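Asks: pasting the first bit of my complex, frame unchanged:
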Amino acid sequence: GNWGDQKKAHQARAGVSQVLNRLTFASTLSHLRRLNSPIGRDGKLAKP
Amino acid sequence: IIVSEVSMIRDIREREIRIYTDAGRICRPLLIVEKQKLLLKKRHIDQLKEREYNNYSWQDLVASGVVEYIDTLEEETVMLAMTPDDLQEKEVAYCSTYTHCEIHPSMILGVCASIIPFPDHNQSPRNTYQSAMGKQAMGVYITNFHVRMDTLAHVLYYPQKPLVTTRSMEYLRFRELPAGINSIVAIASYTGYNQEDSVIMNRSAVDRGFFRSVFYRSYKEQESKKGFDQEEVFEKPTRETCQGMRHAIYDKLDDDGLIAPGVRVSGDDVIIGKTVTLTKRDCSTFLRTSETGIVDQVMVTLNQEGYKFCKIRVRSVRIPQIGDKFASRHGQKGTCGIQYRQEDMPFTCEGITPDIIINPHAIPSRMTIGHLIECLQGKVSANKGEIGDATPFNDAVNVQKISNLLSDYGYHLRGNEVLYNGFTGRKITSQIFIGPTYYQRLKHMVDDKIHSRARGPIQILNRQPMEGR
Amino acid sequence: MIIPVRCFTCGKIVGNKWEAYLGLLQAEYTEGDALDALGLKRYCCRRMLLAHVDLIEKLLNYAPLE
Amino acid sequence: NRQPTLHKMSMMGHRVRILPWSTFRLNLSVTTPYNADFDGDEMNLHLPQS
Amino acid sequence: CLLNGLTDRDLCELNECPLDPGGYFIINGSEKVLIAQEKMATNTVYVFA
Amino acid sequence: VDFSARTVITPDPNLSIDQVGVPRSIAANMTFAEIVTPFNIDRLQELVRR
Amino acid sequence: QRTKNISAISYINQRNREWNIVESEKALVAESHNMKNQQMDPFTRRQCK
Amino acid sequence: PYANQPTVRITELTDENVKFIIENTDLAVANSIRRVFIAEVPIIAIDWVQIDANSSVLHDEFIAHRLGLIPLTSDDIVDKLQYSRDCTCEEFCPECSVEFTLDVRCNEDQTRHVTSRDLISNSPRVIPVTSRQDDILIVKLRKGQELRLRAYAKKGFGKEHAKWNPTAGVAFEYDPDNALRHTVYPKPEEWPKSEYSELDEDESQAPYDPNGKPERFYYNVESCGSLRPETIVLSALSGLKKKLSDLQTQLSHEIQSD
Amino acid sequence: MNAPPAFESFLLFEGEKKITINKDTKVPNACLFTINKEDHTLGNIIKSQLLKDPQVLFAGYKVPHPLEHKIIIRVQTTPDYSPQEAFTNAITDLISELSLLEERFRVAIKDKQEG
Amino acid sequence: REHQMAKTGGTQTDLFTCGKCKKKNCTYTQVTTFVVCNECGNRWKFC
Amino acid sequence: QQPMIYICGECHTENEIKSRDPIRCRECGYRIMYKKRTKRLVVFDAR
């Protein structure tokens, strides 16, 4: 899932590729059609 | 000359026309409206209704010039309209200049939201909680589940279909692979074990196979050449040659080293007979503690490297017991508190004992009237004998009409009925509210969370107990 | 995946009514009429035939051999 | 005890009673201090050894 | 892919179901899906304050 | 720490506010060290034999 | 292999969906026909300006 | 300081359900007889399934579960057999159980429908419900699959599990007019009259009655098909009588010992 | 995993007494009967029958805990009528009543069939 | 006038007695019914 | 004298595979094969 080179993996993004959650058809669909913002996790701001 | 994805934005206030063609521009289709009237006339509807017989499809509509993809950056400069007829006939002059008109308002919802019946009758937080909890519902996740060897696959025995389905989920494919059962839910406080967000299930219902699901767990293991002298191989580790060995039964598996299918297993039991030569060390995997399953099938093959690679999956019949986490389609999560036998559950004038009993106090604080509407319409649909509709914005489904229908079957127009104290047989002074309603079962079983410890294994760095069940 | 054997709430045998219900729907009847033609009075037992999904067919498509 | 221990009334002693099924139980009145909700909560249980 | 526009018959014969949406890679025998990331549109002037 | 347990919780009004409904598995798994004494040597003897 | 059951189920499904389509159309025409009066408490719609 | 002289009157006797009425009896007795109908009624049912070869598409336990729910006619056999727990022999003796065998294999191309008719019982009278209306569908087999097993049946009652639950649904109801006010209708006019209501269509509910005790209990026991309804009633009465007799004996022994 | 078996609700365990008498001390002529492996079925009818009897000042049962298969019946009679004989009389008359009801039901059925 | 500050709104009534000044004038706000003293200015709420 | 019979993946034909042997079907030739059910006393209670 590290969208970058192996040597500098930590410098690249994380979670870009995830394991498809095959727990129930609805979950599969939701997963295949999901988004994710690059903003840092748990940011103090609340506009985004 | 211009594909349908391109977008032209006209900036009036400042004379700038900005056209975008690059990818990613999220967009959606809308109907066109020339002056006050749609381009989607009966001709188009007729030709389209005969689709799947000749060749007619969406592309025909897009080409004919009736629909049109507007991207968000262009959506800011179009006087959209909600429904064709209602917002155009003739009234106080609001805008009278619409340019497009949405297909159906309910099409804003997503995938997990859409299966929520009457979402507009619930407070948004509960809709969101339901959206998240839907992804945790059990059922048939894929038809060819018996061929998959995935890890942690749940499957439900009798996944019925919702008695009330939204028109949108017809295309979500939910009705072919449902994730819940229609249960006769009675909102009331029978005994007390369902007071703070908890439910009382019917022991007899469970005995009959109410929500009875199954739990699979796959395993992956292959042999490899550890080193010039080190090497792994499948073989029953005997009591003499193998120095490293566990204090567990090994004869349970056959000589080949792979436990045969349909064999009772329990926690801390050998599932694969891997031994590595140093004489040999028992470097073999065991079933996780507190699993207690039965072996479904054993798969053996060769990986890319060409070594013997085998996969084993164990199934487990998970009877619904107390502590299991259920949830309706409205965010009314809860955990089965206690289970009563049919003799003890209350009953209507006829032998209809509720299958689930939620707390009444869960309704007012959370404002989930949508749940009540679902229950009423479900009772009506059951009696009539056909699935009812719960599309979000319908303008033709109110409570008064649904009640009027229900009153034509000898039932209180509001859905309440007179129950009988299961124990003594005395009527209940208050008229309980009982009806069909679609309930799910989450994967959060109790047996997967219960844990204990008394001087267990210790870490190597700081001599403190380990972490994780 | 297959029609249950008994109604969860009531207990009346309903497993032996799936083929009959399908036949009645096929010939001419409608659901609301077929259900009472089979003799399912209580609305608790009707959800068995209305809501039940028939996945065993899809399962049988994956014939092991031949 | 319940995992978020905000204030003193979040770790109180109790007398043990063993019951068949596999779930911690506790009188509802004692729910308010812990802030538990019986909607899939988890509550730790330590035992002294002296 | 090998199932491009293939009838449900062959899919069933290939131990696959016609309902599977698809659109997910198979690495090391795991279903990997790419989450659509989002960012600021390029080649457009923004005036922040 | 050892001698810890974590399980879901459910209401149970028939128990007093100071009681707690532990399961059977957890009860069996944990232990309490008790000093032998002639006042209760018989009880511990029976427990050991069991 | 699918001559019985597997084919009868498809036949019943197709006829039932056709019956549902005609049922919906008749319900629509009936709703249009019975346009005498509509006085209901539990329903409302916005009216700006 | 003694009991009462209840009367009984059947209104509808069929081979599928019985509707009767009990008058001059206490509510506790009525509801207790109900709970005995549902819970404590001896009946035969499959309880031990040994599966030898199952190539169907359902689980191994799915077959056993379903087979647990197939009713078995026990009109005159339940009274004779003894609970397996109290048997004085090893293995399921025929004196204390009824053996079943099933062996089906889909050879032809058309899918099989393994129905309860495949359960070849050893005893003549203990058979699933097919004597005199399709049969309970167990599982569907496709060419090449097979299902071989044998199961034994034993006597139980609903209290232990649902499989021993002879009654489909007991309709118990008393005082159809809300004469004792045991329920308070916020709007009595809105409620539909009970099937047993003698009250005319004008009035909504009978006038209050202070010195009024519940009598005239209406029953609609509905047999699942295992036992005949009147047989269910007789068995429930006999079982309750036996439980009281045993309790009285135990109390007598306890008092004498003291 | 810790689900108790289904036979523990009605079948006695070795050493457990079916019925235990325990005299109370707070008021004269008051005993608590404790019944193992029973439910409301066998306690409610006895409670009602004791209520019918006029010499019984107090009568009531309870279930200490639903998961436990046990019930306690409290009986308190006039000083000249011990609660034991009250219990015996209640059960005896209740058995007589059920037998009479069975006989009447049987005759009613046999008359209903072609009659 | 413009420099001033707008007075806090509320339903003035004399049905509530302020415990800080003994006066009956005060204003109530429903949302729990908060009470603000009119002259004394006692602040309280009723559930 | 048990040669650890296996079931081919797609052929659904039995095969005799012993230790230190390639895992392939006697015919066609595939790399997948499952095992056969045990012979133990698989006894369930229809509960």
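Replies: Good, I have the coordinates. Numbers count the residues shown, from 1 in each chain, chains lettered A, B, ... in the order given.

Asks: Could you give the secondary structure assignment for residue B:215?
Replies: strand (DSSP: H, G, I helix; E, B strand; the rest coil).

Asks: quick one: it from residue B:221, how far?
Replies: As judged by CB to CB, to the nearest Å, residue B:215 and residue B:221 stand 20 Å apart. Heads up, the C-betas are built off the backbone N, CA and C, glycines and all.

Asks: So if I had to pick from the two, which one is more boxed in?
Replies: residue B:215 (20 against 17; other CB atoms under 10 Å in any protein chain shown).

Asks: quick one, phi/psi of the residue in chain D positioned nearest to chain H?
Replies: Per CB to the nearest CB, residue D:20 is where chain D lies closest to chain H, at 15.4 Å. The phi/psi pair for residue D:20 (degrees, to the nearest 10) reads phi -60, psi -60.

Asks: same thing with the one 3 residues further on?
Replies: Residue D:23 adopts backbone torsions of phi -160, psi 130, taken as degrees, to the nearest 10.

Asks: thinking again about what came up before, excluding sequence neighbours, find me the nearest residue to the residue of chain D closest to chain H.
Replies: residue I:4 (4.2 Å; CB to CB, 6 or more residues apart in numbering or on different chains).

Asks: What about the one you found, how many residues nearby?
Replies: Residues near residue I:4, counting by other CB under 10 Å: 13.

Asks: Tell me how far it lies from chain C.
Replies: 22 Å (CB to the nearest CB, to the nearest Å).

Asks: does that residue count as helix, strand or coil?
Replies: Criterion first, three-state DSSP; result for residue I:4: coil.

Asks: Residue B:128 too?
Replies: helix.

Asks: How about it: what's its closest non-neighbour residue?
Replies: Nearest one to residue B:128, counting by CB to CB, 6+ apart, is residue B:331 at 7.9 Å.

Asks: Let me know how buried the one you found is, in neighbour terms.
Replies: Residue B:331, neighbours per other CB under 10 Å, totals 23.

Asks: Same check on residue H:70?
Replies: With other CB under 10 Å as criterion, residue H:70 counts 27.

Asks: wait, what's in contact with it?
Replies: C:5, H:45-46, H:116, H:119, H:128, H:136, H:138 (CB atoms under 8 Å, 6 or more residues apart in numbering or on different chains).

Asks: ok, now chain L:
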Amino acid sequence: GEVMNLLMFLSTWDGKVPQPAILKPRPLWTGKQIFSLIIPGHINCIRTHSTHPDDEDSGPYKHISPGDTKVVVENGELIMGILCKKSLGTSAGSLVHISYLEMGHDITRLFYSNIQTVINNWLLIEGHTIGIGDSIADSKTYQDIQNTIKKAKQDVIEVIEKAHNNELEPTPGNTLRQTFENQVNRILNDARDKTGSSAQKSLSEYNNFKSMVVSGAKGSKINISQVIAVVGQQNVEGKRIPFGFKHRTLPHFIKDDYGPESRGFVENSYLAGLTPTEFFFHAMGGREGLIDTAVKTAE
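Replies: Below, chain L sits with the chains from the block before:
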């Protein structure tokens, strides 16, 4: 029968049946009379029930209340009033607080146990529930609510007209836009309050929402008002819905439409469903709430 049965669920019953409040024509006990036996020792405390009209102590009937309020306990025996959270909940001078302060801690533990074990066993006979029947109005309250909402809409339109023609003078300390927004918000809040009051006064004693709210167990008058009368304004960041697009909330509405529905005012109620636009705005409000919850938990 019921009195003797409930007594069985009492760990501190002395064993004596209290004299029934009504000997003839038939021995009938009262709820308060039974509940007294639960109260331990000789406690004394005074409390006011939730629905206690303020203008009752001043007038006559101070010590004999028509509404059965003014909870008075003497020698640990309930005499008047209806117990609610104000008397049994967690509040200074609540009945349990007095019991703990006067009697020992164990006495208070027994008090709790007895209260629950008796009240649930009696609830078995009584029964509690909730359903559509408890959410429907009387078909006149709907008329009042519609009239009130129409008046509110007319008033906001008049305010907008005055602002457009430059007649609304800036309120002191605020700019013209600020005073305009303040007036609109006050008008909408007043309308919502009037509708809620009308809905409340239109309920019946048998209604279950009212029972749960007055008992204070779970809910509030605002919940009922939203369920029946009208949801209300959907604010974000302490203000009305902003203009995400160019000078307008959603593509449906026209530019410069400050009207109530064009800015978030959910005119419908949860029983009668929601128009799509107000549904979206309600979603925005819920999202704001969730974000605030997360940041609070983090900080």
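
Asks: The contacts of residue H:70 again please, chain L included this time.
Replies: By CB under 8 Å, 6+ apart, the residues touching residue H:70 are C:5, H:45-46, H:116, H:119, H:128, H:136, H:138.

Asks: With distance to residue L:224 added, can I get the residues you listed in JSON lines?
Replies: What follows is the contacts of residue H:70, written out as JSON lines (distance: CB to CB, whole Å):
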{"residue": "C:5", "distance to residue L:224": "45"}
{"residue": "H:45", "distance to residue L:224": "51"}
{"residue": "H:46", "distance to residue L:224": "53"}
{"residue": "H:116", "distance to residue L:224": "54"}
{"residue": "H:119", "distance to residue L:224": "58"}
{"residue": "H:128", "distance to residue L:224": "55"}
{"residue": "H:136", "distance to residue L:224": "50"}
{"residue": "H:138", "distance to residue L:224": "53"}
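
Asks: Format the residues you listed as CSV; extra columns: secondary structure, distance to residue L:9 and neighbour count.
Replies: Below are those laid out as CSV (DSSP: H, G, I helix; E, B strand; the rest coil; distance: CB to CB, whole Å; neighbours: other CB atoms under 10 Å in any protein chain shown):
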residue, secondary structure, distance to residue L:9, neighbour count
C:5, coil, 40, 24
H:45, strand, 37, 27
H:46, strand, 42, 24
H:116, helix, 48, 24
H:119, coil, 49, 23
H:128, strand, 46, 23
H:136, coil, 45, 26
H:138, strand, 48, 27
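
Asks: Quick check on the closest residue to chain G within chain K: phi, psi?
Replies: Proximity of chain K to chain G (CB to the nearest CB) peaks at residue K:12, 15.6 Å away. Backbone torsions of residue K:12, given as degrees, to the nearest 10, read phi 50, psi 40.

Asks: ditto for residue B:315
Replies: phi -100, psi 160.

Asks: burial of it, as a residue count?
Replies: As a measure of burial, residue B:315 has 21 neighbours, counting by other CB under 10 Å.

Asks: Surely it touches residue B:294?
Replies: Yes: the pair residue B:315 and residue B:294 qualifies as a contact (CB atoms under 8 Å) at a distance of 5.8 Å.

Asks: so which strand or helix has the closest residue to chain E within chain G?
Replies: Taking CB to the nearest CB, chain E has its nearest neighbour within chain G at residue G:2, 10.2 Å off. For residue G:2, there is no host helix or strand (DSSP states H and E).

Asks: next up, RNA strand M:
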RNA sequence: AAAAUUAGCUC
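Replies: With RNA strand M now in place:
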């Protein structure tokens, strides 16, 4: 009796 790391879910 075994590592480093990331992600999802939950009160």
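
Asks: same question on the nearest residue to residue B:128, but now with RNA strand M added
Replies: That would be residue L:286: by CB to CB, 6+ apart, it lies 6.6 Å from residue B:128.

Asks: So for chain C, the centremost residue is which one?
Replies: residue C:18 (3.4 Å; CA atoms, centre = their mean).

Asks: Chain E too?
Replies: Note: chain E centre (CA atoms, centre = their mean) maps to residue E:23, 2.5 Å.

Asks: cool, chain H as well?
Replies: Nearest to chain H centroid, counting by CA atoms, centre = their mean: residue H:166, 1.5 Å.

Asks: Wasn't the residue nearest to residue B:128 part of a helix?
Replies: Yes: checked against three-state DSSP, residue L:286 lies within a helix.

Asks: Quick check: it touching residue B:123?
Replies: Yes: the pair residue L:286 / residue B:123 is scored as a contact, 6.7 Å apart, by CB under 8 Å.

Asks: How about the contacts made by residue L:187?
Replies: L:152, L:155-156, L:159.

Asks: still on that earlier bit, A helix includes the residue nearest to the centre of chain C, no?
Replies: Yes: under three-state DSSP, residue C:18 sits within a helix.

Asks: so who does it touch?
Replies: C:3, C:49, C:52, C:54, H:137.

Asks: With chain E as the reference, measure out to it.
Replies: 22 Å.

Asks: That residue and residue B:212: what is the separation?
Replies: For residue C:18, the distance to residue B:212 - CB to CB - is 19 Å.

Asks: can you tell me the helix or strand for the residue in chain G that RNA strand M sits nearest to?
Replies: As assessed by CB to the nearest atom of the strand, RNA strand M sits closest to residue G:42 within chain G, at 32.1 Å. Remark: residue G:42 resides in no helix or strand, with elements defined by DSSP H and E.

Asks: how many neighbours does it have?
Replies: Neighbours of residue G:42 using other CB under 10 Å come to 19.

Asks: In this structure it contacts residue B:399, no?
Replies: Yes: the pair formed by residue G:42 and residue B:399 meets the contact definition of CB under 8 Å, at 5.3 Å.

Asks: which ones are touching the residue of the stretch 151-300 of chain B found nearest chain H?
Replies: Using CB to the nearest CB, the closest approach of the stretch 151-300 of chain B to chain H is made by residue B:207 at 3.4 Å. Contact partners of residue B:207, counting by CB under 8 Å, 6+ apart, are H:161-163, K:47.
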